[PDB]
Amino acid sequence: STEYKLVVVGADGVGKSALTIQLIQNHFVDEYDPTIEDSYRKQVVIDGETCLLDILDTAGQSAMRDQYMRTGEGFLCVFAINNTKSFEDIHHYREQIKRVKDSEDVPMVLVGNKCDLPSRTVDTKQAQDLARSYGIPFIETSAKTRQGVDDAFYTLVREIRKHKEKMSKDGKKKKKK
Ligand SMILES: Nc1nc2c(ncn2[C@@H]2O[C@H](COP(=O)(O)OP(=O)(O)O)[C@@H](O)[C@H]2O)c(=O)[nH]1
Ligand SMILES: c1ccc2[nH]cnc2c1
Ligand SMILES: [Mg+2]
């Protein structure tokens, strides 16, 4: 019943596509194609509610980017736990989102992907601390094993819901419930 526009963002090679394909098709693509942008739809029930997920799997870091950022209601901000630059990139994606959507309050979830790998270069604590600073959830995932995949996406839907209710009551000006 309720539709949610989700946008998966992050540096090339962090597993944005693999995560999305795991959610939709339930298999791991060890393959690759970092250039194209796919979108997928999925009907799921979350907390007893029927959700239509419309997910954009981005490719890159323009007059295409701005539109999809305006369209998106929530953002899955993905880095890979063995890719320091991709973790650092999160700051820049967040700033870009807040600017395009002209808001300090945008539903987001921080996702640390590839947690199946050894010798991570980005510690769980540093990612947890960042998420705490932003006031957003942090979820660790492996698109390879499928661990945390549903949780990441469902958590983002829950964040969007909380924002919806927060907006109606706002901080001041109007109030509601
Ligand atoms: N070990 C491991 N490899 C992954 C994971 N997610 C993606 N990959 C691999 O990382 C490479 C890039 O993944 P891809 O989905 O194309 O990244 P994208 O550019 O962010 O969309 C591919 O070879 C994937 O098979 C993961 O969770 N664990
Ligand atoms: C943003 C979010 C989801 C989308 N699905 C198709 N285009 C999109 C843009
Ligand atoms: Mg991709």
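Residues numbered from 1 in each chain as written, not as in the entry; some residues may be left out. Chains lettered and ligands numbered in written order. Heavy atoms only, no water. Residues with missing side-chain atoms left out of burial classes, pairs and counts.

Per the deposition metadata, X-ray crystallography was the technique used to determine this entry, at a resolution of 1.7 Å.

(A) Layout of helix 5 (residues 149-169). Taking 1.5 Å of rise per residue, 21 residues should cover 30 Å, and helix 5 covers 31 Å from first to last C-alpha, within 8% of that figure. Listed in full, the buried residues belonging to helix 5 are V149, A152, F153, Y154, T155, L156, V157, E159, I160, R161 and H163. Just downstream of helix 5, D170 is the residue with a positive phi angle, here 40 degrees. (Helix = DSSP H or I, 4+ residues; strand = E, 2+ residues; numbered from the N terminus. Expected span 1.5 Å × (residues − 1). Buried < 20%, exposed > 50% of the residue type's maximum accessible area, 1.4 Å probe, protein only.)

(B) Broad picture of the environment of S103. Its location among the elements puts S103 in the loop between helix 3 (84-100) and strand 5 (108-113). C-alpha of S103 to C-alpha of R65: the two residues are 38 residues apart in sequence and 17 Å apart in space. A distance of 3.0 Å separates the side chain of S103 from the backbone nitrogen of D105, its partner in a polar contact. (Polar contact = N/O pair within 3.5 Å; in protein donor to acceptor, adjacent residues only side chain to side chain.)

(C) A look at the sheet that holds strand 5. The strand order 2-3-1-4-5-6 describes an open sheet built from six strands, whose pairing is mixed. Looking at the sheet topology across the chains shown, the edges are occupied by strand 2 (38-46) and strand 6 (138-140). Going from strand to strand, the sheet's axes swing by 25 degrees on average, the running direction of each strand aside. Of the pairings in the sheet, the one linking strand 2 to strand 3 (residues 49-57) comprises nine bridges and is antiparallel in character. Bridged to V45 within strand 3 is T50. (Pairing = 2+ DSSP bridges. Axes fitted to C-alpha atoms, helices over the stretch in contact; angles between N-to-C directions.)

(D) The arrangement of the nonpolar core in detail. Ranked by size, the top nonpolar core spans 30 residues in total, and within it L6, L53, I55, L76 and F153 carry the most contacts. Breaking this core down by element, the ones donating at least two residues are strand 1 (2-9), helix 1 (16-25), strand 2, strand 3, strand 4 (74-80), strand 5 and helix 5. Sorting elements by how many residues they give to this core places helix 5 first, with seven residues. Once residues lying within four places of it in the same chain are set aside, the contact partners of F153 are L6, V8, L19, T20, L23, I55 and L76. Judged by nonpolar contacts, the second largest core, of 24 residues, contains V9, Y68, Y93 and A131. (Core = buried A, V, L, I, M, F, W, Y, C linked by side-chain atoms within 4.5 Å. Contact = heavy atoms within 4.5 Å.)

(E) Structural detail: the UniProt feature "short sequence motif: Effector region" in the protein. Residues annotated in UniProt with the feature "short sequence motif: Effector region" correspond here to residues 32-40. Secondary structure over residues 32-40 splits into 0% helix and 33% strand, and the C-alpha atoms at its two ends are 17 Å apart. (UniProt positions renumbered as here; feature names shortened; annotations may be inferred.)

(F) Region of the structure containing the site of ligand 1. Taken together, 20 residues lie around ligand 1, and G13, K16, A18, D116 and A143 are the ones closest in. The separation between a nitrogen atom of ligand 1 and a polar side-chain atom of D116 is 2.7 Å. Protein contact buries 88% of the 580 Å² of open area that ligand 1 shows by itself. Comparing atom positions with the cavity grids shows ligand 1 to sit within the largest pocket. (Near = heavy atom within 4 Å. Areas by Shrake-Rupley, 256 points an atom, 1.4 Å probe, with all protein chains shown as cover. 1 Å grid on protein atoms, 1.4 Å probe; cavity = no way out; pocket = protein on both sides within 12 Å on 5 of 7 lines; lining within 4 Å. Sits in = over half its atoms within 2 Å of the grid points.)

(G) Quick look at the site of ligand 2. The immediate surroundings of ligand 2 are formed by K5, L6, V7, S39, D54, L56, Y68 and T71. Coverage of ligand 2 by the protein amounts to 79% of the 250 Å² it exposes when considered alone. Contributing elements (two or more residues each) for the shell around ligand 2: strand 1, strand 3 and helix 2 (65-71). When residues of the shell around ligand 2 are assigned to their parent elements, the largest contribution, three residues, is made by strand 1. Its residues assigned to classes, the shell around ligand 2 shows four nonpolar, two polar and two charged. (Nonpolar A, V, L, I, M, F, W, Y, C, P; charged D, E, K, R; others polar.)

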